[PDB]
Amino acid sequence: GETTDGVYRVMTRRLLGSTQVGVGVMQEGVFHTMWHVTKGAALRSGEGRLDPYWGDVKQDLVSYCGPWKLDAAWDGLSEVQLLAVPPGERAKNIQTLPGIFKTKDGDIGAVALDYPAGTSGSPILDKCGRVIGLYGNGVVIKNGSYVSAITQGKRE
Amino acid sequence: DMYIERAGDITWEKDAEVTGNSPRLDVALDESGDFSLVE
Ligand SMILES: Cc1cccc(C(=O)Nc2cc(N)ccc2C)c1
């Protein structure tokens, strides 16, 4: 089916109507998304079937048709763009300066942008348009707003 | 049964709506892949 590079909605028919459960990135023939979106299940692309290849509940990532391809990193300095793909609304680039997740295992970029859960897996881009991670796994702050980790996989 | 629908190209757009703050947060990642707020 559709294998072109780009950003995709993940939809289901298992609820009322058609519901966007999340988002992902087709690159080099591999679909990348967040584990919590698909829960490891197979996907449809026209007739095309996409079968999972790699996943880790803890990283909260999953790849389909191959291994994780996306190896760019936040430089820790410059602004980035969430290419947000919200349920039933159009792909819109939002530019922001990441803040920081401080963890015992080290420091991660974080993006403080509020969207519905069905935006999980939207890609985060550097100034060269490279995917430096995915949005939609993080924390709910004092306000009630969401802060997301810039969640990137490891390329082999 | 889940399916995918293309939604756009992966490109940096000059003149994108610039917003969101930049918080420094202490967090813990659990085995289930859920982040939580340490203080
Ligand atoms: C308000 C908002 C925005 C974006 C994502 C989420 C969220 O809940 N993510 C998520 C994380 C994990 N770890 C598991 C399941 C889900 C659905 C919530």
Side-chain angles (χ1 to χ4, degrees), chain A residues 1-56 59-72 74 80-96 111 113-137 146 148-153 155, chain B residues 1-17 19:
Chain A
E2 198 171 18
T3 314
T4 309
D5 272 27
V7 62
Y8 286 67
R9 302 166 193 276
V10 185
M11 312 300 303
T12 189
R13 297 218 192 82
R14 206 198 54 101
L15 269 43
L16 197 75
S18 317
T19 319
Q20 185 183 295
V21 297
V23 182
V25 174
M26 192 64 67
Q27 202 181 98
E28 302 169 75
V30 167
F31 199 58
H32 315 58
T33 190
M34 308 211 90
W35 190 100
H36 76 252
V37 173
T38 67
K39 306 273 189 216
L43 302 168
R44 178 161 36 86
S45 166
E47 258 193 279
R49 190 177 163 133
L50 306 203
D51 291 325
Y53 179 114
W54 174 86
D56 180 332
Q59 288 177 56
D60 188 21
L61 293 178
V62 63
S63 76
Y64 293 72
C65 321
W68 195 268
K69 298 286 182 194
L70 311 178
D71 62 347
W74 186 38
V80 313
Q81 292 190 358
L82 179 62
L83 163 26
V85 180
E89 309 176 346
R90 180 154 81 274
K92 182 210 34 154
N93 295 56
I94 308 306
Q95 185 172 306
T96 191
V111 313
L113 297 169
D114 227 350
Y115 290 95
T119 315
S120 288
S122 290
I124 294 149
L125 319 185
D126 81 354
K127 274 171 204 173
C128 292
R130 281 175 314 142
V131 187
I132 59 166
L134 309 181
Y135 164 95
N137 193 45
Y146 206 74
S148 174
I150 308 168
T151 308
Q152 186 55 301
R155 191 189 168 115
Chain B
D1 213 314
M2 294 186 174
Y3 59 97
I4 59 155
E5 273 188 335
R6 208 166 176 292
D9 297 7
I10 287 159
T11 53
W12 176 282
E13 308 321 321
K14 272 178 144 90
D15 280 307
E17 209 145 48
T19 188

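So you know, we letter chains A, B, ... as the sequences are listed, proteins then strands, and number each from 1. Reckoned from all heavy atoms, side chains included, excluding hydrogens, waters and symmetry mates.
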So, the side chain of A:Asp126 versus the backbone of A:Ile132: is there a donor-acceptor pair under 3.5 Å, distance only? no

Whether the side chain of A:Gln59 engages the backbone of A:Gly153 through a donor-acceptor N/O pair (distance < 3.5 Å, no angle test) should be reported. no

Donor + acceptor pair across side chains of A:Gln152, A:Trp68 (<3.5 Å): yes

Counting only N and O atoms by type, is there a donor-acceptor contact under 3.5 Å from the side chain of B:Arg6 to the main-chain atoms of A:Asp5? yes

Checking A:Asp51 side chain against A:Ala42 main chain: does a donor-acceptor pair fall under 3.5 Å? no

Keeping the roles fixed (side chain from A:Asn93, backbone from B:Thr11), state whether a donor-acceptor pair exists under 3.5 Å. yes

Please give me the minimum heavy-atom distance between A:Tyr64 and A:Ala41, naming the atom from each residue. OH-O, 2.7 Å

Under 3.5 Å: donor-acceptor pair, side chain of A:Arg44, backbone of A:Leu50: no

Distance-only donor-acceptor check, side chains A:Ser122 and A:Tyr115, under 3.5 Å: no

Where do A:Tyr8 and A:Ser45 land on the side chain to side chain donor-acceptor pair (under 3.5 Å) test, with the steps shown first? CA-CA 10 Å; A:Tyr8 286 67; A:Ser45 166; over 6 Å; no

Do A:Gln20 side-chain atoms and A:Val85 backbone N/O form a donor-acceptor pair below 3.5 Å? yes

Taking atom CZ of A:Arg90 as the centre, does the number of heavy atoms from other residues, nucleotides or ligands within less than 6.0 Å exceed 12? no

